[PDB]
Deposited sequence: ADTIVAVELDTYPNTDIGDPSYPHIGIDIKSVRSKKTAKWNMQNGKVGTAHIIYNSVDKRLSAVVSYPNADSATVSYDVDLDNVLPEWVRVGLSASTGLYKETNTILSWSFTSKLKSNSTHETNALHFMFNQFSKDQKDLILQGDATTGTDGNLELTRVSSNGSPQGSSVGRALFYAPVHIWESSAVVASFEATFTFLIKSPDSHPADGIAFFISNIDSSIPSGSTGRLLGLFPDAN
């Protein structure tokens, strides 16, 4: 299937498939059963920030999720992505709903990859998303243009979120994420999100992910699979 490396912002505890008992941030390598998580004090209706980083020296994937004037949640996992991802990848944001629902609004998204050989660089930054955003591949229920925002999960005209939704946005350009004859390689992602819900239960979450170039939404990956994974193994 697809090869997926992802940082999950999991809003629904699915303790059946190895989630903790609370909303968490987690690093998923080839599986939705995170290789490390951390308690996340998710704030319904407030605009949060995700910072993802990795470099070829430390070989450690790290993430930080803050709200302004609250303590950040952090998670790190040591992983050689040379042994996990293909040389050439695409980068994306995924989200999902199931029985429970939430808005999965992305307000901004930045990414930077650098690769000094034995530098090549890509950088994109989105603070506005247009009705036809030709440098984005939208999959599933994903839309651009409403208030200049990327809405990853289905939302009605009245701004009310929908259940059993999966949706992704991938940067159109392939990315050279690692090279054999490389001395240093870094990448860095940043996105802002707004997750609103009517219910005491919001579900199911947003992820930043790196996949094989041709990656598509796996079948029935709505809900607890965050549109990333086919099964819950």
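Coordinate coverage of the deposited sequence is interrupted once, at 119 to 122, where no C-alpha atom was modelled.
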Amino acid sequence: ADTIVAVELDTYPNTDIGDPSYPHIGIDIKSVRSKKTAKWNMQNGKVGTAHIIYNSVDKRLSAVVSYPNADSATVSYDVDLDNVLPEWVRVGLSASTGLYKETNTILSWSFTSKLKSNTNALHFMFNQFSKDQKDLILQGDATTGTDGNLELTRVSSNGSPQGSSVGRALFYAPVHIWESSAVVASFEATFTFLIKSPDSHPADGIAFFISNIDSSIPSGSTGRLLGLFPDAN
From here on, numbers count along this sequence of modelled residues.
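As listed in the deposited structure, the average C-alpha B-factor of 222 to 230 and of 1 to 9 is greater for 222 to 230. The mean Cα B-factor in the deposited entry runs higher for 199 to 207 than for the other of 199 to 207 and 167 to 175. Within the group 119, 108, 118, 112, the record's highest C-alpha temperature factor is found at 118. Out of 34, 49, 69, 56, the entry records its largest CA B-factor for 69.
In the deposited entry, the Cα temperature factor of residue 27 sits in the bottom third of values across the chain's modelled residues.
Compared with the other modelled residues of the chain, the Cα B-factor recorded for residue 128 ranks in the middle third. For residue 190, the recorded CA B-factor ranks within the lowest third of the chain. Only modelled residues enter the ranking.
Annotation for residue 41: C-alpha temperature factor in the middle third relative to the rest of the modelled chain, per the entry. Split the chain's modelled residues into thirds by C-alpha temperature factor. Residue 65 is in the middle one.
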